[PDB]
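A quick write-up on the structure given underneath.
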Amino acid sequence: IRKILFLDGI
Amino acid sequence: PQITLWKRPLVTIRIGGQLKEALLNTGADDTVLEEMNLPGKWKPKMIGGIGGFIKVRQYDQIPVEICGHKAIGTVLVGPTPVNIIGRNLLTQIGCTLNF
Amino acid sequence: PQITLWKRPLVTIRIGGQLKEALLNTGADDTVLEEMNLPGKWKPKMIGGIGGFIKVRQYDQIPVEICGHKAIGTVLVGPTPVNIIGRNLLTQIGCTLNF
């Protein structure tokens with residue numbers, strides 16, 4: 001579950 | 001230093017008297033940490049990932065030490081599978097991508 | 001080149017003769033691109049991050065050009081919110097994090 005850590009702050 | 005990417009770029013960060021392993025994430029706009037009480041007022045926020053959005057608490061002006069480098073800024077707290085150091089703090093320690 | 005992080009680190013990549021904008025993501029083990037048909041067989045796979053899992057199509061040994069630098073590796077295709085270049089290809093073009 002921690003392979004793709006893209007994170008959008010909006 | 002120069003951090004290669006053969007393995008996840010995890011580093012130790014210090015907040016108050018708390019130590020935690022966090023990932024230097026250029027793919028994250030903000031910094032989000034796994035469960036930890038912070039002082040001050042906090043506002044609810046929704047952040048998006050690859051699979052959807054999660055709810056987090058937004059705390060501002062939090063001092064954070066990253067590899068001996070001081071940084072102060074917004075820190076989010078919620079159910080992230082990994083502690084993440086986002087661009088908001090990476091810029092403060094002068095971190096860049098090079099190739 | 002040297003990329004700072006005040007803005008999202010977006011670069012142009014070329015794959016299968018098509019130009020696309022992609023995010024250099026040190027927080028991603030793999031490379032995930034938006035839905036598109038690529039030549040060669042593929043296998044179903046599941047990957048996750050913040051928000052949960054998504055189903056993707058895994059293609060192997062795919063040539064990708066990143067800012068003029070060539071790479072050949074695994075590319076996942078699926079409903080990702082943005083095109084993501086992960087460490088599997090970042091290491092191939094010799095990308096490092098520095099500060």
- Exactly one of (1) among the aliphatic types (A, V, I, L, M); (2) in contact with an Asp or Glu (Cβ under 7 Å, 6 or more places away or on another chain); (3) over 30 Å from C:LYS55 (Cβ atoms) is unmet by B:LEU76. Its number? (3)
- Task: Could you please give the count of residues in segment C:28-62 that are exposed (fewer than 14 other Cβ atoms within 10 Å of the Cβ), of a type in the set (D, E, K, R) and in a strand (DSSP E or B)?
- Result: 3
- Query: Among the residues of segment C:78-99, which ones are more than 9 Å from chain B (Cβ to nearest Cβ) and either without any contact (Cβ under 8 Å) to a residue 24 or more places away in the chain or among the charged types (D, E, K, R) (or both)?
  - Reply: C:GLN92
- Would you pick out the residues in segment B:81-97 that are among the β-branched types (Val, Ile, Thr) and part of a strand (DSSP E or B)? B:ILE84, B:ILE85, B:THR96
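Mind checking which residues of segment B:49-77 are aliphatic (A, V, I, L, M) and within 13 Å of chain C (Cβ to nearest Cβ)? Working first, answer last.
The first filter runs over segment B:49-77 and keeps only residues aliphatic (A, V, I, L, M), leaving B:50, B:54, B:56, B:62, B:64, B:66, B:71-72, B:75-77.
If the condition is that a residue be aliphatic (A, V, I, L, M) and within 13 Å of chain C (Cβ to nearest Cβ), then B:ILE50, B:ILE54, B:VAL56, B:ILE66, B:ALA71, B:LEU76 are the ones that fit.
Checking the structure you have, find out if any residue of segment B:14-22 is touching a residue at least 60 places away in the same chain (Cβ under 8 Å) and in contact with a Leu (Cβ under 6 Å, 6 or more places away or on another chain). Give the derivation first.
Applying the first criterion (touching a residue at least 60 places away in the same chain (Cβ under 8 Å)) to segment B:14-22 yields B:15, B:20-22.
Then keep just the ones that are in contact with a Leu (Cβ under 6 Å, 6 or more places away or on another chain); that gives B:21.
Yes: one or more hits.
Any read-out appearing in this document is the output of simple, stated calculations on the displayed coordinates, not a laboratory observation. Ideal geometry is used to build each Cβ from the backbone, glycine not excepted, and the neighbour counts take in all protein chains shown.
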